[PDB]
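Comments concern the structure below.
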Amino acid sequence: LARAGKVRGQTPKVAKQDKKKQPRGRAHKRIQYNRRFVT
Amino acid sequence: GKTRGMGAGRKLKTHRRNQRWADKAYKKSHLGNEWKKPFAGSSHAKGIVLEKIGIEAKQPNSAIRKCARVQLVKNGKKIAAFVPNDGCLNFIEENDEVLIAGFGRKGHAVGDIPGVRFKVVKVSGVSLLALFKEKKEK
Amino acid sequence: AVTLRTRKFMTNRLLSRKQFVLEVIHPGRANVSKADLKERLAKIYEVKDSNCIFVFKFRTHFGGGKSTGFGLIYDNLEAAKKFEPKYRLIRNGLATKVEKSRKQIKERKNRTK
Amino acid sequence: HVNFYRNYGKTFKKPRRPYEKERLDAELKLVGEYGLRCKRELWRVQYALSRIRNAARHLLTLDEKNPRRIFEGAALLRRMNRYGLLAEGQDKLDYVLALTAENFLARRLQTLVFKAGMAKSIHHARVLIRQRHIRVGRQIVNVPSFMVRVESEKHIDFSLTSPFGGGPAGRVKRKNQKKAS
Amino acid sequence: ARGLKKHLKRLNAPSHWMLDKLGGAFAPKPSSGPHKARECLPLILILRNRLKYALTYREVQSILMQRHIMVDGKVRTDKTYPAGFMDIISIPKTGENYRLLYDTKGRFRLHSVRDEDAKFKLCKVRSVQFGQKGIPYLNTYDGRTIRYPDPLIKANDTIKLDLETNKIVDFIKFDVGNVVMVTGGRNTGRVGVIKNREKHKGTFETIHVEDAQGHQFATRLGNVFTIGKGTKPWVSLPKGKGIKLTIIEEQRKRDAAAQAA
RNA sequence: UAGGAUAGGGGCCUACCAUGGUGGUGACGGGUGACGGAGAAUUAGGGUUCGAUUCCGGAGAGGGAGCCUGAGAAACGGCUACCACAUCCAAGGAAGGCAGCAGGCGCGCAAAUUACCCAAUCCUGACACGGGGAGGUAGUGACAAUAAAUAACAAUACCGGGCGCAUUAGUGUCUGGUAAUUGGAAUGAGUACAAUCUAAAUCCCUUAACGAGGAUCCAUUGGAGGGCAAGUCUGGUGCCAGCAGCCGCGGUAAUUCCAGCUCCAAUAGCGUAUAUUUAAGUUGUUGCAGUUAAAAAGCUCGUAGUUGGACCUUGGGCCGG
Ligand SMILES: [Mg+2]
Ligand SMILES: [Mg+2]
Ligand SMILES: [Mg+2]
Ligand SMILES: [Mg+2]
Ligand SMILES: [Mg+2]
Ligand SMILES: [Mg+2]
Ligand SMILES: [Mg+2]
Ligand SMILES: [Mg+2]
Ligand SMILES: [Mg+2]
Ligand SMILES: [Mg+2]
Ligand SMILES: [Mg+2]
Ligand SMILES: [Mg+2]
Ligand SMILES: [Mg+2]
Ligand SMILES: [Mg+2]
Ligand SMILES: [Mg+2]
Ligand SMILES: [Mg+2]
Ligand SMILES: [Mg+2]
Ligand SMILES: [Mg+2]
Ligand SMILES: [Mg+2]
Ligand SMILES: [Mg+2]
C-alpha cells in the first residue's frame with residue numbers, strides 16, 4: 001500500500017501541441033481513400 | 001446407438017431433459033445458486049468498503065494487486081474487489097460508497113489476482129475513469 | 001404571384017358547407033397567411049360574406065412553395081354558428097374564451113348542500 | 001398509450017468479423033469511390049441486398065405456375081425495373097440475385113448527380129445535395145441516399161432557389177456585393 | 001370482469017372496419033342492436049370514415065341529432081348503431097339511398113339504390129316456431145319477429161319486407177340452385193349459385209357454391225345468404241358482380257387500366 | 001338415490017348406500033427470482049432463451065373474512081369486523097387504504113412533471129351544451145430506432161508516379177498531401193420580422209434581415225505483442241507501479257506499464273458489467289461420442305416401453321386433347 005501511484009507520479013508532465021484538426025466524416029474517409037491507394 | 005423409433009419421442013425428450021444437467025452452463029444457470037452468490041443475479045452492486053488491503057500475485061508473476069474488502073449494502077456479503085487503474089487506490093478510502101461490478105470471466109477469478117471476481121467502477125458517486133483522467137474530482 | 005387550387009371538394013347539405021382541401025402554390029413567398037387567404041377565396045366563390053370561411057391544418061411542404069390545408073365554405077353564418085367547434089370561431093373572433101381554476105369548481109362545492 | 005403502436009426497426013447490421021484486411025479494404029474501396037459519410041451507409045446497402053436476395057431465394061426455391069411465385073416474383077421484378085436496377089431483357093428473377101452492392105450504390109442521388117455532371121466531384125455532389133441545391137421534379141431533395149427511379153432520373157436538376165440553377169445569389173455573394181457597394 | 005365492457009380498442013375492432021392504427025386508442029364500440037355487432041358497422045363509420053360528410057365525432061353527432069340519417073324506414077339517432085347486411089341507409093336532404101353489402105374482398109360497400117329498390121329490404125330468417133296461444137312467428141338474423149308466417153316459409157330462408165306494409169311480400173326458399181352470397185369468413189362477399197348442400201348429423205351444414213365464372217367453394221350455413229331465385233338476384237350487386245378475383249387477375253386489371261391510359 | 005341451495009348443471013351441501021378415484025404415459029408432493037396467450041431476441045434448417053408491460057383473458061386493491069344497493073360487485077376512488085400501519089382530538093371520540101395521474105420516503109445497479117387540455121379517439125349522463133389524470137399536448141428522456149452536418153472547388157507552390165519527345169529531359173495528370181498556404185463561392189447549427197402549427201402556446205415545415213478562415217460553429221470512444229487493424233518510434237519506471245478477456249509484459253535497451261508523436265477500428269457514437277442467443281456437430285431428432293482420450297451395466301432372465309419377416313388385383317387395354 002506504500003507504493004501506490006509510484007510510476008504515474010514518476011513520469012514527467014508534458015503537454016500536447018495545437019494540431020490542426022483532421023477532417024471528420026466523409027472528408028476523413030476521403031483522406032483515407034486518397035491517401036492509401038490514390039497516392 | 002441412438003433410439004430412432006417413430007414412437008420414441010417420450011424416450012428422447014426425457015433423455016435430453018436428463019442429460020442437459022451434465023452440461024456445466026445449464027447446471028450453473030438453472031441450479032439456483034446464482035441467487036446465492038454475493039450479487040444474486042445482479043450486474044452491479046453498490047457496497048461499502050471496509051479497508052484498502054492489497055494482495056499477492058500468483059506464481060509466474062510477482063506483485064501486489066491493490067484490492068479492497070467491501071461490504072454489500074444489499075445483503076451483507078463481505079468480498080474482495082480490485083481497483084483497475086495505476087495508483088488509483090488512493091482515491092478509495094475506508095468506508096466509502098463504491099459500485100462493484102463483475103471483473104470478467106463471468107463470476108470466475110481473472111488473471112493473476114488470486115480468487116478475486118470483482119472490480120470497483122465508482123466511488124463516492126464519481127466516475128473512477130473520470131478520477132483517473134482528471135475529468136471530475138469527487 | 002401566388003395561386004390557389006382546391007381539390008377533394010365535396011358539398012354537404014347535411015351541415016350545409018362546402019368542404020375541400022386547398023393546395024396553395026406560393027413560390028418565393030414564405031407562406032400566405034389565412035387572413036389573406038380569406039378574401040381571395042371569398043372573391044373567387046362569391047360567398048357574399050367572407051366570414052363563413054374557416055381554413056385550418058396547413059403544412060407548407062418540405063422545400064417550400066406548396067402548402068396544403070382544409071377549407072369549409074359555410075353558406076349561412078347561422079349554420080356556421082350552430083354546426084361548428086368553438087375554438088376556431090374564437091380564432092376568427094366570433095367567440096371568446098375564459099380561464100379555469102379547478103379548485104372548488106366541483107369538489108368542495110359537493111360538500112355543503 | 002397510443003404511438004406505442006408505430007412500428008420501427010433496424011436498417012443495417014455490424015459485420016461478424018470486425019478486423020479483416022480483405023473486407024476492410026474492399027469497404028474502403030467502395031466508401032471512397034462513392035464518397036460516403038461512413039460505412040453505415042454501405043452496411044444499409046448490404047442489408048437491403050440481403051433482404052431482396054432472401055426473398056428471391058425463397059421464390060426460386062418454389063416451382064413455376066405457383067401463383068405465389070408468379071405474384072411477388074413479378075412484384076420484385078417491377079420494383080427492380082422501377083429503380084432501373086436491372087436492364088432490359090434481363091428480367092429473369094435470377095439477375096436479381098446476380099446484382100451486388102455496387103448496383104445500389106450506383107443509384108444513390110450523389111452518384112446520379114456525379115454522372116449527370118453538375119458536381120465536378122462526388123463529394124461536391126454530396127454537399128450540393130445537402131445544401132438544398134437540387135430538386136427531382138419540383139421538390140428539393142437533401143438525402144444523398146435518395147435512390148432515384150429511372151422515371152425520375154431524366155429530370156434530376158437544380159432547384160429554382162439555389163444560386164447555381166435558380167434565383168437570387170447566396171449570402172457570400174450578397175456580402176461581397178454590398179461591401180463592394 | 002364485473003360487468004359489460006363499454007369501451008372498444010381500435011386494434012380489437014373488426015378487421016373489415018378498415019380503420020387505421022394511430023387514429024386513437026378506442027373504436028366506436030357498436031351498441032347492442034339488431035345485428036351481430038361483430039358483423040356490423042356503426043353509423044359513425046358510415047358517416048365519417050366512408051362518406052366523409054363530417055370530420056369529427058362531434059360533427060357526426062350533429063349529423064345524427066339533426067334527425068336526417070334514417071335507417072330502414074325510421075330515423076336512428078344512435079351514433080354506434082350496428083348497421084349491417086342489407087340495411088338500407090337513407091338521407092332525405094340528399095334524397096340519397098344506400099344499401100350495405102359485402103364486397104368480394106370481405107368488407108362493406110354502400111351501394112346506391114333508387115327509391116323503388118329502397119322501399120323494401122331483404123333478410124334471412126333464423127327460425128319459425130309457435131308463441132303464446134299457438135300463434136306462429138319467425139325470427140330473422142336482423143332480429144325482427146314476424147307473426148302469422150306464410151305456412152311455407154321455413155328456417156334459413158329469405159324474405160322481403162316493405163317499410164310501409166312492414167310485412168312479407170315474397171320469400172326465397174333456401175334450396176339447391178338459388179343464388180347466394182357468403183356473409184362471413186374468407187369467402188364472404190362472393191355471390192354464387194348453390195350447387196350442392198350436404199348435411200352431417202350434429203354439425204354445421206355445408207354449402208358448395210359455384211361462382212358465375214367457374215370457380216367453386218364451400219361454406220357453413222350461418223354464413224350463406226340466398227338473394228334471388230335462380231341465377232338472377234333480387235338486389236343491385238356492387239361494382240364487382242360478387243366475383244372475388246385472384247390477386248394475379250386483379251394485378252392484370254390494374255395493368256390493363258394503366259395501359260389503356 | 002332423494003333432497004336442499006343456486007339463475008342454472010354438479011358432492012356445491014345434507015341423509016342413506018356402495019368401495020371406489022389417480023399413478024413409471026410421473027399422481028400426490030416440492031421448486032419456480034412462474035400471471036397465460038398474441039408474441040420478443042437470435043436463427044441455413046432444426047432449434048435455444050425470454051414474454052411485468054399499452055391487444056385479449058384471469059387475479060388483487062395492506063392481509064384475510066362477510067354483506068347492502070343494483071340487471072350487473074363478494075366492488076374496495078362501497079360498507080362491517082379482526083390483524084398490521086397510521087392521521088385529527090378540545091382526550092369523549094373521529095377519519096382511514098396512490099398496485100389510478102402527478103409527487104414524497106425507503107428499497108435499491110436500476111426508472112421523468114406535484115404541467116396543460118377536453119380540440120382529436122371514444123366513454124359516460126336526464127344529455128347536440130356537462131364530465132372524463134381514460135385519452136391527447138407539452139417539459140425531463142443518447143431506453144431503443146431514422147435521416148444525417150463537422151467543409152467544397154480552383155489555380156500557386158518544395159514537391160510526388162506516367163501520360164506530349166522520353167532520350168537527355170523535365171514538370172504533368174487524376175491533383176495525392178505537408179501547406180494556419182492565396183481566393184472568391186455554398187450552406188445550416190445558431191439568432192430571428194413574420195406567418196403557419198396548436199384547444200392555447202411549443203417543436204417541425206416555410207422564410208425579411210443576421211449567421212464560417214480553419215486557432216474555429218475545435219468528435220469522441222477505445223486500442224497499437226498474438227487473436228486482432230494498427231510502432232523491431234522516443235522519454236520515464238525497473239518482477240515495482242501497473243497492464244493483461246486468454247497466451248503472457250515488467251528482474252535498467254519494456255514493440256505489452258506511465259507519457260508525447262504517429263496510427264488504427266468504429267464514428268455522434270463507443271467501452272464496461274451481468275443475463276441470454278450465436279460460435280455449439282461443446283446437448284447432437286436433422287446431428288456427437290463410449291477399445292486406448294469421459295463414457296458398455298460382471299452376466300443372464302425379465303414386465304411395461306421401443307421395434308417388429310414375407311403374402312391380399314386395379315394385372316392388360318380403349319377413349320379425348
Ligand atoms: Mg459450456
Ligand atoms: Mg498461469
Ligand atoms: Mg377492467
Ligand atoms: Mg341432484
Ligand atoms: Mg409470481
Ligand atoms: Mg390486461
Ligand atoms: Mg376487483
Ligand atoms: Mg374487496
Ligand atoms: Mg385509490
Ligand atoms: Mg403513482
Ligand atoms: Mg486516445
Ligand atoms: Mg493504453
Ligand atoms: Mg502506448
Ligand atoms: Mg496486425
Ligand atoms: Mg480488458
Ligand atoms: Mg495489449
Ligand atoms: Mg464431443
Ligand atoms: Mg476410460
Ligand atoms: Mg462386458
Ligand atoms: Mg415385452
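The way I read the labels, and the way they are meant: chains A, B, ... in the order of the C-alpha cells, residue 1 as the first residue of every chain, and ligand 1 as the first ligand shown, with later ones counted on from there.
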For this session: Give as number ranges by chain every residue of chain A that touches chain D within 6 Å, counting only C-alpha atoms.
Result: A: 25-26, 30, 33
Exercise. Near range 56-62 of chain E, counting only C-alpha atoms (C1' of nucleotides), which residues have an atom at most 10 Å away, once you skip same-chain residues fewer than 3 positions from it, shown as a PyMOL selection string?
Worked result: (chain C and resi 14-15+82-85) or (chain E and resi 28+43-49+52-53+65-68+77-79) or (chain F and resi 119-122+128)
Problem set entry | Close residues to ligand 19 using only C-alpha atoms (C1' of nucleotides) and all ligand atoms, limit 10 Å, as a VMD selection string | chain F and resid 296 to 299
With N, CA and C atoms (P, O5', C5', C4', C3', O3' and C1' of nucleotides) retained, write the just-selected residues as a PDB file, in the first residue's frame.
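The resulting result-v3.pdb:
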```pdb
ATOM      1  P     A F 296     -18.508 -47.537 -19.199  1.00  0.00           P
ATOM      2  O5'   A F 296     -18.438 -47.841 -20.755  1.00  0.00           O
ATOM      3  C5'   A F 296     -18.023 -49.116 -21.222  1.00  0.00           C
ATOM      4  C4'   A F 296     -19.071 -50.152 -20.934  1.00  0.00           C
ATOM      5  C3'   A F 296     -18.731 -51.569 -21.362  1.00  0.00           C
ATOM      6  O3'   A F 296     -19.348 -52.465 -20.443  1.00  0.00           O
ATOM      7  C1'   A F 296     -20.684 -50.876 -22.459  1.00  0.00           C
ATOM      8  P     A F 297     -18.585 -52.874 -19.092  1.00  0.00           P
ATOM      9  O5'   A F 297     -19.653 -52.621 -17.941  1.00  0.00           O
ATOM     10  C5'   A F 297     -20.896 -51.975 -18.196  1.00  0.00           C
ATOM     11  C4'   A F 297     -21.726 -51.901 -16.939  1.00  0.00           C
ATOM     12  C3'   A F 297     -21.890 -53.226 -16.195  1.00  0.00           C
ATOM     13  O3'   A F 297     -21.846 -53.001 -14.788  1.00  0.00           O
ATOM     14  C1'   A F 297     -24.012 -52.347 -16.715  1.00  0.00           C
ATOM     15  P     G F 298     -20.540 -53.414 -13.955  1.00  0.00           P
ATOM     16  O5'   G F 298     -20.297 -54.933 -14.353  1.00  0.00           O
ATOM     17  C5'   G F 298     -19.261 -55.295 -15.250  1.00  0.00           C
ATOM     18  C4'   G F 298     -19.177 -56.787 -15.406  1.00  0.00           C
ATOM     19  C3'   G F 298     -20.290 -57.447 -16.198  1.00  0.00           C
ATOM     20  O3'   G F 298     -20.036 -57.405 -17.589  1.00  0.00           O
ATOM     21  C1'   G F 298     -19.922 -58.634 -14.194  1.00  0.00           C
ATOM     22  P     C F 299     -21.221 -57.553 -18.660  1.00  0.00           P
ATOM     23  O5'   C F 299     -21.886 -58.954 -18.321  1.00  0.00           O
ATOM     24  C5'   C F 299     -21.321 -60.175 -18.768  1.00  0.00           C
ATOM     25  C4'   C F 299     -22.210 -61.335 -18.404  1.00  0.00           C
ATOM     26  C3'   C F 299     -23.647 -61.218 -18.875  1.00  0.00           C
ATOM     27  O3'   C F 299     -23.829 -61.648 -20.208  1.00  0.00           O
ATOM     28  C1'   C F 299     -23.630 -61.739 -16.583  1.00  0.00           C
TER      29        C F 299
END
```
For this session: For chain B, work out the contacting residues on chain A at 8 Å, counting only C-alpha atoms, and write them as JSON, numbers by chain.
Result: {"A": [1, 4, 5, 6, 8]}
For this session: Residues within 8 Å of ligand 3 should be enumerated using only C-alpha atoms (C1' of nucleotides) and all ligand atoms and returned as JSON, numbers by chain.
Result: {"E": [1, 2, 5]}
